[PDB]
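Q: Build the 3D model from these lines:
(one chain, ligands or ions: 1)
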Amino acid sequence: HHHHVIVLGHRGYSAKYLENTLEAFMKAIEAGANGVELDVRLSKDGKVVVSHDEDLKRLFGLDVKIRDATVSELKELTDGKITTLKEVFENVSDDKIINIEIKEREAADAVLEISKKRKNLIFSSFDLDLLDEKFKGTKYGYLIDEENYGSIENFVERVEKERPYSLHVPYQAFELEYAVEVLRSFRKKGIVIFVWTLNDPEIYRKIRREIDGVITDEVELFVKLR
Ligand code: NA
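A: Numbers count the residues shown, from 1 in each chain. Structure as follows:
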């Protein structure tokens, strides 16, 4: 028996449905997720589109950049599968969490404007300065990679100074005892710890006492591990 962990579907229920589509997001919620994580970028016409990659090559085989096409053009090319942040909000209840990963600084102002009306959002990015500069007064979470945090000491200083709502850490961070200690110190201050992108239930069991949330492709699995 364990304490409760927020389960977010990584690009929706992406193990079973096409990542970052309305279907994937709706299916994550149907499967009992507390919410979803998704990725945002700008189209040519300056609209907020949901796409992890900057182009359509990996998922559609099309050498077309998101920023080079209008929303209408993108929908035509993907036969309607690509969606906008606006459309996600229309299809996911505001009792559910949406973790919006900002992939492009230039999308930030448009994302903030559309988000004004909507609660239960967490903005995240590997661009920590962007969050600190433009996302004050919202819930934001630092995404941590091998380089961006600088030194552990500098990262601790930053988190103390800026008070992010959450820290979104790779699950591999829990392999080092000092990292575990640092994260415990953050949590004791009320910072919410999410791990990503975790699909392995054994690793989850080992670390779940240390975390507040999990970002996973395997939504039903992790919901049933509650
Ligand atoms: Na809002």
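
Q: any idea which helix or strand comes after the helix or strand hosting residue 157?
A: According to DSSP states H and E, residue 157 maps onto helix 152-162. Downstream of helix 152-162, the next assigned helix or strand under DSSP H and E is strand 166-170.

Q: And the helix holding residue 157, what's buried?
A: Residues of helix 152-162 classed as buried: 155, 158, 159 (neighbour count, 16 or more other Cβ atoms under 10 Å). C-beta: built from backbone N, CA, C; applies to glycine.

Q: mind putting those in JSON lines, distance to residue 114 included?
A: Formatted as JSON lines, the buried residues of helix 152-162 follow (distance: Cβ to Cβ, whole Å):
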{"residue": "155", "distance to residue 114": "30"}
{"residue": "158", "distance to residue 114": "28"}
{"residue": "159", "distance to residue 114": "28"}
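
Q: Pick out whichever of those sits closest to residue 38.
A: Of all these, residue 38 sits closest to residue 159, with 24.4 Å by Cβ to Cβ.

Q: In this structure that closest one contacts residue 169, no?
A: No. The pair residue 159 / residue 169 is not scored as a contact, 11.5 Å apart, by Cβ atoms under 8 Å.

Q: any idea how far residue 96 is from residue 193?
A: According to Cβ to Cβ, to the nearest Å, residue 96 stands 20 Å off from residue 193.

Q: So for those two, which residue has more residues nearby?
A: Between residue 96 and residue 193, residue 193 has the larger neighbour count (other Cβ atoms under 10 Å), namely 21 against 16.

Q: So that one: helix, strand or coil?
A: Residue 193 falls in the strand class when you classify it by DSSP: H, G, I helix; E, B strand; the rest coil.

Q: This structure against the ion: which residues are in contact?
A: Residues of the chain lying near the ion by Cβ under 5 Å from the ion: 115, 118.

Q: Strands along the chain, start to end?
A: 6-10, 35-42, 48-50, 55-56, 62-65, 97-102, 121-125, 140-143, 166-170, 192-196, 213-216 (DSSP state E).

Q: ok, the nearest residue to residue 48 once chain neighbours are set aside to the ion distance?
A: Of all residues not flanking residue 48 in the chain, residue 85 sits nearest, at 4.1 Å (Cβ to Cβ, 6 or more residues apart in numbering). Using Cβ to the ion, to the nearest Å, we find residue 85 at a distance of 12 Å from the ion.

Q: ok, now which ones touch residue 210?
A: For residue 210, the contact set (Cβ atoms under 8 Å, 6 or more residues apart in numbering) comprises 174, 180, 183, 184, 187, 193.

Q: Closest one to residue 149 out of the residues you listed, please.
A: residue 183 (12.1 Å).

Q: how far away is the closest one from residue 27?
A: 31 Å.
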